[PDB]
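This report refers to the structure that appears directly beneath it.
Chains as they are written, first to last, in PDB author numbering: chain A, 1 to 480, 483 to 691, 727 to 736, 768 to 1190; chain B, 164 to 217; chain C, 326 to 480, 483 to 487.
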């Protein structure tokens, strides 16, 4: 009796109902995005729809139109082919919110009318309502199922034989019978969840393909009732109403578990309260299980040494993916001696556990006062963590560093997980190609578990399944932000954070475990990956475009990665929405005024009210210290709170029209404060001849009076565990650092304070001095005032009371009040008339902070890369990164638009093309100063690089033109950062200028080979000279801290690796007057015949840039003498 | 988690009349004993010993 | 360790195991032994084990079902199972002996401290220390059951 699509054959699809302006402002940008981009590209469309504007109605109308479009498409196609219908989702944090919407959708199908007549007959309604599935949590899903459905499921899959499941079901039924007092209800929910998990586990174990039950008829209907996921899987339904946690974790069907994050192609999501999800998504990304990085790496090293996969047409090109991981693991084991275990040696370490924090790019914090070193004691056969001496010098240690070990271990572990994901993808491709004969055509969903189990059983890595299962959904969309290399789009939102605890094992007192908590991506990165995967996300929220990074998605990063996919409404659409809001919500017709009264901390008024409360008391301190339990520190805070709350309640009582007051208070008061509340009630008893003390984070008569206390603690805190809260705090700090509100110095100091353990008060004090705090204050005020009023009829006067600490914040609002509600614009208007306020632009502070941040990242990354380029062998990827940085800085010293790939090589400068700074390029990164704050410091422009002088050479120009190097610095507001400018640009210009001037006399050059790279610019072959020729060109005479030891060591290494080799040192710019000086191994003047180093102060003049032909000829003669 | 589990156990014990409640109460009490004893023996392993007395 | 590496070399533990041939993919193969003189199998013909280097995998196959006629020289699943069981029980017994030796050494070293803990106090510590040193923590549960069921011998001999 199933309803067929053939019941839509005579429906008029071309007839759509009369559209409201909201429908147009949704459909027009989507059509423009369809025209501009492709038809298989997702887009995020944040829509600022207020309350009582038609939010749910418009979203559900969009859903119904998409469903009808799918019906039309399926009817038209029919015999052409069979495809899975587009998946539509409705996601909201609240489980209550994702019930009513679904219900409302059904109501829509029942009540939508066109031209005054029903748009659908009963058959269309029955078909359409059968394509919507609501899939709650497992406990409520089990309690929903009746007895007949569960009994039929138990019988059909042969479950009565096992007495364990029968006992569990008997207990579940027994407690479900007596689910009257909540005490029974809590245990019923818990045991129901456990039974649901066990039943689904056994059901999917049985239905794997062996002894298939061949669901049909009554059993199929019962299974669908128990498991709504199977309704989607077969094809009956394609609209799912669910929560964000269920969206991320996934639901269950007969075959396996379906997480929508892996197959989002042509998926239309509707996210209600899009901003708040940033918190909720975080609450799921912070629940990851800590993994011991010693056990994991040792297991991988032991198991990857010999275990090999099958050489079958199914495992083709799946072994080559794992090789580089194996040659990295063997080297990691050899260097760190993973054969032995690890231990903590010495005092101050067996008592204090070691805590480490890393952003993986430039923010590193250690809980130890001295750098922690690892030594591999062969005689004791163990690895030891130690601090050793705290004195300066005195036989400094050269064993190792714990931070390098931890970072490399994390890199290897995440490399293994990513390689497993790629291998699963390749396995799916091979299986599909080999089973082309079979018409199954299963996607990655049907092959994910099979691939994971096969690979892990072949490699004996069955312990990692959960890991590969956990790191496949939340961060599994990374395959569909790039790496941390300088050519990649470096950002915290897709790099993450790592928190490591080194502490002794359970029971054991001589082995140590290194637990690691990871946060690979931010919620903003997850949303960007959703859009990149092919999901059209429609997020509805009044404050959907707030300028916060803690309480909202980082829209600056979203715009820098999506591009044109972040569909932004035009000014016409926003003004149309404002006109619609005024039409459907007008206070002029009723004559409703919005009263704003800023309440100050009137201590005298509070004292007078206290005296009226107890006239016989000699002083209020006796009551405060005993009755109210007030200490010395809390005195001012409690006094300020009471002095304003009392005034607000008294004013609300004095109002002859307002009947309901909703005060927004952080804490839910106390019994001691309840006594004063009773005093207020006693006063109101005589004043008259209802009141709610709400909370910011909570979850008939209309609200006509609201009090807005200053937003208290605003840093999101997770209470699932302790590591979750630590990860959340570190995420907030690093997101603030990336946005630009907190300078690297402040962010590093805050991270260090948090790692050692710090009170919430100090963290909030640290947060309060950022512009994000004021932005979140304004956003919370907007949300609070938006909910104040839900009826079409309003009284003449509305009371709006604001804490006097919000005067500055609300008086500094600078956005156009187009979409702002009546209450918020009233508050802004009232505050803006309070004299004058000095406004400091967030742009200037953000620009300075981001410049310092980019310089810090540049210096730390350059040092790490150079250090990684001085070990044997030199990795090929690092050579490519160095060359790419050099070439990009050569071609594009200054760019107009914000670069997307080569991100942190540039800073946006106030004055275009140049900037003044003051700092040292060998020391503390978070001590640099930029721009106008150091007007008499170092200068970065085209003048100091002397490019105008260097381009005057007749051989510089041909090389610059042939290779495309920029001969001038284009004046734009994105210039090279200090570290990059000095080192990279000076070196690149010097090397290329010397190459040109030597090519003028047919000199042949080759890149420096092997791992001796970064020591010399390039190997030289010229005129068939048998001995090798090496060169170290500099833009100017360079003598750094390494100096004598530096070049002596490099000369010795070159000589001992490649034998005799002439050395040349030339400064491209300078004076040509100084003749050739012959230097020994220690750069001391010696005999020309015995010399091994030649020097040229200037092959290119500093005045007319003439080529030093005499110097080149003398160098040729010196090379050709013997 | 422990507080919620113990609250549920106490609530069920207040109304342990029918057998259906009895079997589930027994199972829940067993699980709670396992969890509580595991936590108590982890805490008493040698770090900040509780020093039982009286 | 010597026996483990010899077993890995002889039976090619570098590769996984799979069943090749019809009639073996439907009924799982059941084997039974008393470790002395009784051996029972669920296979009509004796099952052999072969290491295919090209496919890089170990195979359980029946081969010819005839009696005699130049019997194969590949191997037998029975020997693999018996040897694996012997090595596993050797590991458990060696762990018990190591726990005893650990208790003796710890008491001898800490005679200065008046704790003088018995085998009960040192058993869990010894198991955890040895398994963490050898990175065999997942065997922990086994050692917690193969210490009283057959562990009273430390306080029957072998099958020779």
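For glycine and all other residues, C-beta sits at the position ideal for the given N, C-alpha and C.
Identify which residue in the options has its Cα closest to the Cα of residue i.
i, options, result
"residue 312 of chain A", "A/430, A/345 and A/413", "A/430"
"residue 1158 of chain A", "A/1126, A/596, A/1148 and A/691", "A/1148"
"residue 75 of chain A", "A/926, A/1146, A/5 and A/1021", "A/5"
"residue 23 of chain A", "A/64, A/35 and A/42", "A/64"
"residue 336 of chain C", "C/416, C/403, C/345 and C/471", "C/403"
"residue 923 of chain A", "A/991, A/956 and A/902", "A/991"
"residue 405 of chain C", "C/486, C/349 and C/329", "C/329"
"residue 116 of chain A", "A/1001, A/17, A/197 and A/666", "A/17"
"residue 730 of chain A", "A/464, A/996 and A/664", "A/664"
"residue 861 of chain A", "A/267, A/769, A/1079 and A/609", "A/769"
"residue 562 of chain A", "A/970, A/501 and A/432", "A/970"
"residue 416 of chain A", "A/639, A/319, A/370 and A/9", "A/319"
"residue 464 of chain A", "A/413, A/508, A/1154 and A/485", "A/413"
"residue 516 of chain A", "A/502, A/525 and A/510", "A/502"
"residue 189 of chain A", "A/198, A/508, A/176 and A/1180", "A/176"
Taking C-beta pairs closer than 7 Å, name the residues in chain A that residue i reaches, listed in chain order.
i, result
"residue 340 of chain C", "308"
"residue 457 of chain C", "341, 507, 510 and 513"
"residue 454 of chain C", "510, 512 and 513"
Cβ closer than 8 Å: which chain A residues qualify as neighbours of residue i?
i, result
"residue 515 of chain C", "Only positions 326 to 487 of chain C appear in this structure, which leaves residue 515 of chain C out of reach."
"residue 184 of chain B", "174, 175, 178 and 184"
"residue 450 of chain C", "509, 510 and 511"
Cβ closer than 7 Å: which chain F residues qualify as neighbours of residue i?
i, result
"residue 187 of chain A", "This model lacks chain F altogether, as its protein chains are A, B and C."
Buried or exposed: which applies to residue i, given that a residue is buried once 16 or more other Cβ atoms fall within 10 Å of its Cβ?
i, result
"residue 1103 of chain A", "buried"
"residue 477 of chain C", "exposed"
"residue 46 of chain A", "buried"
"residue 654 of chain A", "buried"
"residue 961 of chain A", "buried"
"residue 1031 of chain A", "exposed"
"residue 1177 of chain A", "exposed"
"residue 819 of chain A", "buried"
"residue 364 of chain C", "exposed"
"residue 624 of chain A", "exposed"
How would you list, in chain order, the residues of chain C whose beta-carbon sits under 8 Å from the beta-carbon of residue i?
i, result
"residue 503 of chain A", "What residue 503 of chain A touches in chain C: nothing, since even the nearest Cβ is about 16 Å away."
So which residues of chain C does residue i contact, with C-beta pairs closer than 9 Å?
i, result
"residue 463 of chain A", "463"
Anything in chain B within Cβ reach of residue i, meaning under 8 Å, just list it in chain order.
i, result
"residue 181 of chain A", "174 and 178"
* To do: Determine contact between the stretch 1027-1047 of chain A and the stretch 995-1011 of chain A, defined as no fewer than three beta-carbon pairs at a distance below 8 Å.
  => yes
* To do: Could you list the residues in the stretch 306-329 of chain A with a C-beta less than 8 Å from some C-beta on chain C, going in chain order?
  => 306, 307, 308, 309, 310, 311 and 312
* Asked: Do three or more CB pairs link the stretch 492-504 of chain A to the stretch 247-259 of chain A at distances below 8 Å?
  -> no
* Under 9 Å (Cβ pairs) to chain B, residues found in the stretch 343-358 of chain A -> none
* Could you name the residues of the stretch 197-212 of chain B whose beta carbon sits closer than 9 Å to any beta carbon of chain A, in the order they occur along the chain? => 205, 208 and 209
* Asked: Hey, is the stretch 1083-1101 of chain A in contact with the stretch 1059-1068 of chain A, meaning 3+ C-beta pairs nearer than 8 Å?
  -> yes
* **Interface positions of the stretch 122-144 of chain A facing chain B (Cβ-Cβ less than 7 Å), listed along the chain** => none
* **Chain-ordered residues of the stretch 361-389 of chain C with a beta carbon less than 7 Å from chain A** => 379, 380, 381 and 382
* Would the stretch 141-155 of chain A and the stretch 236-243 of chain A be scored as touching if the rule is three or more Cβ pairs under 8 Å? -> no
* Check whether the stretch 93-108 of chain A touches the stretch 23-34 of chain A, taking contact to mean three or more Cβ pairs, one atom from each stretch, closer than 8 Å. => no
* To do: Pair every Cβ in the stretch 338-358 of chain C with every Cβ in the stretch 430-449 of chain C, then say whether three or more of these pairs are closer than 8 Å.
  => The stretch 338-358 of chain C, when compared against the stretch 430-449 of chain C, does not touch it at the 8 Å Cβ threshold.
* Asked: Do the stretch 339-346 of chain A and the stretch 437-454 of chain A touch if we need at least three Cβ pairs shorter than 8 Å?
  -> no
* Asked: Is the stretch 533-553 of chain A touching the stretch 272-280 of chain A, taking contact as three or more C-beta pairs under 8 Å?
  -> yes
* Contact between the stretch 1073-1091 of chain A and the stretch 937-948 of chain A (3+ Cβ pairs under 8 Å) -> yes
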